[PDB]
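Trainee: Got protein_38.txt for you, compact mmCIF, C-alpha atoms:
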```
# COMPACT_ATOMS: atom_id res chain seq x y z
CA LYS A 918 118.68 76.78 119.76
CA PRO A 919 119.42 78.72 116.52
CA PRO A 920 119.88 82.52 116.45
CA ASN A 921 117.16 84.81 115.12
CA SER A 922 119.26 85.71 112.06
CA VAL A 923 119.08 82.03 111.05
CA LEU A 924 115.35 81.71 111.87
CA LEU A 925 114.73 84.71 109.62
CA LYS A 926 115.90 82.59 106.66
CA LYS A 927 112.43 81.03 106.76
CA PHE A 928 110.97 84.21 105.24
CA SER A 929 110.38 84.23 101.45
CA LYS A 930 112.25 86.57 99.18
CA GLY A 931 111.34 90.10 100.16
CA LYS A 932 112.31 93.16 102.15
CA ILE A 933 112.60 92.49 105.88
CA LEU A 934 111.52 95.74 107.55
CA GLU A 935 114.00 97.13 110.05
CA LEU A 936 111.31 97.64 112.70
CA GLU A 937 110.82 95.29 115.64
CA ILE A 938 107.86 94.91 117.99
CA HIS A 939 108.92 93.70 121.44
CA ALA A 940 106.57 91.60 123.60
CA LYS A 941 106.94 90.64 127.23
CA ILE A 942 105.40 87.18 126.67
CA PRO A 943 107.16 84.18 125.12
CA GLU A 944 106.99 83.46 121.39
CA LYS A 945 104.36 80.64 121.43
CA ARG A 946 101.89 82.77 123.41
CA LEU A 947 102.56 85.83 121.23
CA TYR A 948 102.07 83.79 118.05
CA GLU A 949 98.78 82.24 119.24
CA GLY A 950 97.44 85.70 120.07
CA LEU A 951 98.55 87.16 116.74
CA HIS A 952 96.84 84.25 115.01
CA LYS A 953 93.59 84.98 116.88
CA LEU A 954 93.98 88.69 116.28
CA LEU A 955 94.55 88.60 112.52
CA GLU A 956 92.13 85.79 111.63
CA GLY A 957 89.51 88.01 113.22
CA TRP A 958 90.67 91.17 111.45
CA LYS A 959 89.73 90.58 107.84
CA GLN A 960 87.81 93.86 108.01
CA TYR A 961 91.19 95.60 108.28
CA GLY A 962 91.65 94.80 104.61
CA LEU A 963 93.34 91.43 105.03
CA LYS A 964 92.99 88.41 102.73
CA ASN A 965 94.54 84.98 102.20
CA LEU A 966 95.80 84.63 105.77
CA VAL A 967 97.87 81.47 106.33
CA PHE A 968 99.08 80.39 109.75
CA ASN A 969 101.96 78.06 110.56
CA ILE A 970 102.87 77.79 114.23
CA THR A 971 105.59 75.28 113.63
CA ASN A 972 107.64 78.02 111.95
CA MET A 973 106.03 80.91 113.74
CA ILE A 974 105.14 82.58 110.44
CA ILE A 975 101.93 84.25 109.28
CA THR A 976 101.45 85.08 105.60
CA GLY A 977 98.76 87.24 104.02
CA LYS A 978 97.75 90.07 101.74
CA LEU A 979 96.83 93.67 102.54
CA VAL A 980 94.33 94.68 99.93
CA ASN A 981 92.65 97.79 98.65
CA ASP A 982 90.15 99.08 96.10
CA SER A 983 92.50 100.07 93.27
CA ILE A 984 90.45 99.71 90.06
CA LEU A 985 93.30 99.59 87.53
CA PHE A 986 96.66 98.68 89.05
CA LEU A 987 97.09 95.86 91.56
CA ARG A 988 98.31 97.59 94.73
CA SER A 989 98.06 94.81 97.29
CA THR A 990 100.88 94.24 99.73
CA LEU A 991 101.86 90.59 100.20
CA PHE A 992 103.57 90.09 103.54
CA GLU A 993 104.92 87.66 106.09
CA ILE A 994 105.22 88.07 109.85
CA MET A 995 107.53 86.01 112.05
CA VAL A 996 107.55 85.72 115.84
CA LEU A 997 111.05 85.23 117.31
CA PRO A 998 112.47 84.65 120.80
CA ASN A 999 113.89 87.67 122.61
CA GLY A 1000 115.12 86.28 125.91
CA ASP A 1001 113.45 84.40 128.75
CA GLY A 1002 109.71 85.06 128.66
CA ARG A 1003 110.03 87.57 125.81
CA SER A 1004 109.64 87.61 122.04
CA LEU A 1005 109.63 90.00 119.10
CA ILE A 1006 107.89 90.41 115.76
CA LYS A 1007 109.52 90.88 112.35
CA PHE A 1008 107.80 91.83 109.09
CA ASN A 1009 108.68 90.83 105.54
CA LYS A 1010 107.34 92.66 102.52
CA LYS A 1011 107.16 90.42 99.45
CA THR A 1012 105.38 93.00 97.24
CA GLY A 1013 103.65 96.37 97.40
CA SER A 1014 103.91 99.22 99.89
CA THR A 1015 106.33 99.54 102.81
CA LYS A 1016 104.14 102.28 104.31
CA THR A 1017 101.07 100.02 104.14
CA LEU A 1018 102.86 97.08 105.77
CA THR A 1019 104.29 99.46 108.36
CA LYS A 1020 100.77 100.73 109.14
CA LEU A 1021 99.79 97.13 109.91
CA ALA A 1022 102.80 96.75 112.20
CA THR A 1023 101.84 99.95 113.98
CA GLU A 1024 98.25 98.79 114.47
CA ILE A 1025 99.46 95.46 115.86
CA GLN A 1026 101.84 97.25 118.27
CA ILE A 1027 98.96 99.43 119.48
CA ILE A 1028 96.84 96.35 120.15
CA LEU A 1029 99.69 94.65 122.02
CA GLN A 1030 100.04 97.69 124.29
CA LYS A 1031 96.31 97.86 124.99
CA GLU A 1032 96.45 94.16 125.88
CA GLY A 1033 99.38 94.82 128.22
CA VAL A 1034 101.86 92.55 126.45
CA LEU A 1035 104.22 95.10 124.88
CA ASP A 1036 107.75 95.21 126.30
```
The structure given in the file should be rewritten as structure tokens.
Mentor:
Amino acid sequence: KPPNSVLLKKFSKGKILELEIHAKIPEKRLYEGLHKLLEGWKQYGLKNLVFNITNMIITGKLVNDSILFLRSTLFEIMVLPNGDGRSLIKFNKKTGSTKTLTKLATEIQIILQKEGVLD
């Protein structure tokens, strides 16, 4: 099986954030839950969500009410293996704000802990 550094090549051009979220469930189960989580979180300020389990990637847009300048943050999320029964999450910022994308990561991490799946 290929290393994570190779799997990460599936991300589009962008800035891969240094942060990692570690889960104590395997990647397929983590991905399915993230899919359920985000598809049901449009009220967060999320649009254009696209899911692809075959590559473990989620793509989408963080929006906001800027009236003049477009300030949306286009992003990708990838779920990767992290050892037997474990996985991790990486974030890729295609456009927009690193802080905004990081806020999303933080909110996801919080949910994972409340659900008892954070490593």
Trainee: Which one is closest to residue A:943: A:1003, A:1031, A:978, A:964? Count only C-alpha atoms.
Mentor: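 Using only C-alpha atoms, residue A:943 sits closest to A:1003.
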Trainee: Enumerate, in order of chain and increasing residue number, the residues of stretch 921-1012 of chain A with an atom no farther than 9 Å from stretch 1017-1028 of chain A, each with its shortest atom pair and distance in Å to one decimal, counting only C-alpha atoms, as JSON lines.
Mentor:
```
{"residue": "A:934", "atom": "CA", "partner": "A:1019", "partner_atom": "CA", "distance": 8.2}
{"residue": "A:936", "atom": "CA", "partner": "A:1019", "partner_atom": "CA", "distance": 8.5}
{"residue": "A:937", "atom": "CA", "partner": "A:1022", "partner_atom": "CA", "distance": 8.8}
{"residue": "A:938", "atom": "CA", "partner": "A:1026", "partner_atom": "CA", "distance": 6.5}
{"residue": "A:939", "atom": "CA", "partner": "A:1026", "partner_atom": "CA", "distance": 8.5}
{"residue": "A:951", "atom": "CA", "partner": "A:1025", "partner_atom": "CA", "distance": 8.4}
{"residue": "A:954", "atom": "CA", "partner": "A:1025", "partner_atom": "CA", "distance": 8.7}
{"residue": "A:961", "atom": "CA", "partner": "A:1021", "partner_atom": "CA", "distance": 8.9}
{"residue": "A:979", "atom": "CA", "partner": "A:1018", "partner_atom": "CA", "distance": 7.6}
{"residue": "A:990", "atom": "CA", "partner": "A:1018", "partner_atom": "CA", "distance": 7.0}
{"residue": "A:991", "atom": "CA", "partner": "A:1018", "partner_atom": "CA", "distance": 8.6}
{"residue": "A:992", "atom": "CA", "partner": "A:1018", "partner_atom": "CA", "distance": 7.4}
{"residue": "A:1006", "atom": "CA", "partner": "A:1022", "partner_atom": "CA", "distance": 8.9}
{"residue": "A:1007", "atom": "CA", "partner": "A:1022", "partner_atom": "CA", "distance": 8.9}
{"residue": "A:1008", "atom": "CA", "partner": "A:1022", "partner_atom": "CA", "distance": 7.7}
{"residue": "A:1009", "atom": "CA", "partner": "A:1018", "partner_atom": "CA", "distance": 8.5}
{"residue": "A:1010", "atom": "CA", "partner": "A:1018", "partner_atom": "CA", "distance": 7.1}
```
Trainee: Determine the nearest neighbour of residue A:1004 from the options A:946, A:959, A:926, A:1016, counting all atoms listed in the file.
Mentor: A:946
Trainee: Please compute the atom CA of residue A:982-atom CA of residue A:1014 distance, one decimal, in Å.
Mentor: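 Separating atom CA of residue A:982 from atom CA of residue A:1014 is a distance of 14.3 Å.
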Trainee: For atom CA of residue A:1012 and atom CA of residue A:945, determine how far apart the two atoms are, in Å to one decimal place.
Mentor: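 Atom-to-atom, atom CA of residue A:1012 to atom CA of residue A:945, that is 27.2 Å.
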Trainee: Draw an axis-aligned box tight on the listed atoms of stretch 1000-1008 of chain A, then pad every side by 5 Å and write out centre and edge lengths in Å to one decimal as AutoDock Vina command-line options.
Mentor:
```
--center_x 111.5 --center_y 88.1 --center_z 118.9 --size_x 17.3 --size_y 17.4 --size_z 29.7
```
Trainee: Please fill the gaps in stretch 946-982 of chain A so it has N, CA and C atoms, and write that as a CSV table (one decimal), keeping the file's coordinate frame.
Mentor:
```csv
chain,number,residue,atom,x,y,z
A,946,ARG,N,103.1,82.0,123.0
A,946,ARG,CA,101.9,82.8,123.4
A,946,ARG,C,101.6,84.0,122.5
A,947,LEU,N,102.7,84.7,122.1
A,947,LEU,CA,102.6,85.8,121.2
A,947,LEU,C,102.0,85.4,119.9
A,948,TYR,N,102.6,84.3,119.3
A,948,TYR,CA,102.1,83.8,118.0
A,948,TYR,C,100.6,83.4,118.1
A,949,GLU,N,100.2,82.6,119.1
A,949,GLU,CA,98.8,82.2,119.2
A,949,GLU,C,97.8,83.4,119.3
A,950,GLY,N,98.2,84.5,120.0
A,950,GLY,CA,97.4,85.7,120.1
A,950,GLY,C,97.4,86.5,118.7
A,951,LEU,N,98.5,86.5,118.1
A,951,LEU,CA,98.6,87.2,116.7
A,951,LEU,C,97.7,86.4,115.7
A,952,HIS,N,97.7,85.1,115.8
A,952,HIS,CA,96.8,84.2,115.0
A,952,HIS,C,95.4,84.6,115.3
A,953,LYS,N,95.0,84.6,116.5
A,953,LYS,CA,93.6,85.0,116.9
A,953,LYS,C,93.2,86.4,116.4
A,954,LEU,N,94.2,87.3,116.6
A,954,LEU,CA,94.0,88.7,116.3
A,954,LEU,C,93.7,88.9,114.8
A,955,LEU,N,94.6,88.3,114.0
A,955,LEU,CA,94.6,88.6,112.5
A,955,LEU,C,93.4,87.8,111.8
A,956,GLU,N,93.2,86.6,112.2
A,956,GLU,CA,92.1,85.8,111.6
A,956,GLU,C,90.8,86.5,111.8
A,957,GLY,N,90.7,87.3,112.9
A,957,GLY,CA,89.5,88.0,113.2
A,957,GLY,C,89.6,89.5,112.8
A,958,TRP,N,90.5,89.8,111.9
A,958,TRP,CA,90.7,91.2,111.4
A,958,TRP,C,90.6,91.3,109.9
A,959,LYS,N,89.8,90.5,109.3
A,959,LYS,CA,89.7,90.6,107.8
A,959,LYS,C,89.2,91.9,107.4
A,960,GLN,N,88.4,92.5,108.3
A,960,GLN,CA,87.8,93.9,108.0
A,960,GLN,C,88.9,95.0,108.0
A,961,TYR,N,90.1,94.7,108.4
A,961,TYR,CA,91.2,95.6,108.3
A,961,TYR,C,91.5,95.8,106.8
A,962,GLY,N,91.2,94.8,106.0
A,962,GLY,CA,91.6,94.8,104.6
A,962,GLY,C,92.7,93.7,104.5
A,963,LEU,N,92.4,92.6,105.0
A,963,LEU,CA,93.3,91.4,105.0
A,963,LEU,C,92.7,90.2,104.3
A,964,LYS,N,93.5,89.6,103.5
A,964,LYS,CA,93.0,88.4,102.7
A,964,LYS,C,94.0,87.3,102.7
A,965,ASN,N,93.6,86.1,102.4
A,965,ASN,CA,94.5,85.0,102.2
A,965,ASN,C,95.5,84.7,103.4
A,966,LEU,N,95.0,84.8,104.6
A,966,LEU,CA,95.8,84.6,105.8
A,966,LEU,C,96.1,83.1,105.9
A,967,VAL,N,97.4,82.8,106.1
A,967,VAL,CA,97.9,81.5,106.3
A,967,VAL,C,98.7,81.4,107.6
A,968,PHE,N,98.4,80.5,108.5
A,968,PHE,CA,99.1,80.4,109.8
A,968,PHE,C,99.9,79.1,109.8
A,969,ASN,N,101.1,79.2,110.4
A,969,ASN,CA,102.0,78.1,110.6
A,969,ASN,C,102.7,78.2,111.9
A,970,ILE,N,102.2,77.6,112.9
A,970,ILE,CA,102.9,77.8,114.2
A,970,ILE,C,104.2,77.1,114.3
A,971,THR,N,104.4,76.0,113.5
A,971,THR,CA,105.6,75.3,113.6
A,971,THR,C,106.8,76.1,113.2
A,972,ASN,N,106.6,77.1,112.3
A,972,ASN,CA,107.6,78.0,112.0
A,972,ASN,C,107.4,79.4,112.4
A,973,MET,N,106.3,79.6,113.1
A,973,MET,CA,106.0,80.9,113.7
A,973,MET,C,105.8,82.0,112.7
A,974,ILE,N,105.3,81.6,111.5
A,974,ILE,CA,105.1,82.6,110.4
A,974,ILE,C,103.7,82.7,110.1
A,975,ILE,N,103.3,84.0,109.8
A,975,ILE,CA,101.9,84.2,109.3
A,975,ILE,C,102.1,84.9,107.9
A,976,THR,N,101.4,84.4,106.9
A,976,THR,CA,101.4,85.1,105.6
A,976,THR,C,100.1,85.6,105.2
A,977,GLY,N,100.0,86.7,104.4
A,977,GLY,CA,98.8,87.2,104.0
A,977,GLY,C,98.9,88.4,103.0
A,978,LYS,N,97.8,89.0,102.7
A,978,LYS,CA,97.8,90.1,101.7
A,978,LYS,C,96.9,91.2,102.3
A,979,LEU,N,97.5,92.4,102.2
A,979,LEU,CA,96.8,93.7,102.5
A,979,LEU,C,96.2,94.1,101.2
A,980,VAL,N,94.9,94.3,101.2
A,980,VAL,CA,94.3,94.7,99.9
A,980,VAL,C,93.9,96.1,99.9
A,981,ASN,N,93.3,96.5,98.8
A,981,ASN,CA,92.6,97.8,98.6
A,981,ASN,C,91.9,97.9,97.3
A,982,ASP,N,91.1,99.0,97.2
A,982,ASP,CA,90.2,99.1,96.1
A,982,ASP,C,90.7,99.7,94.8
```
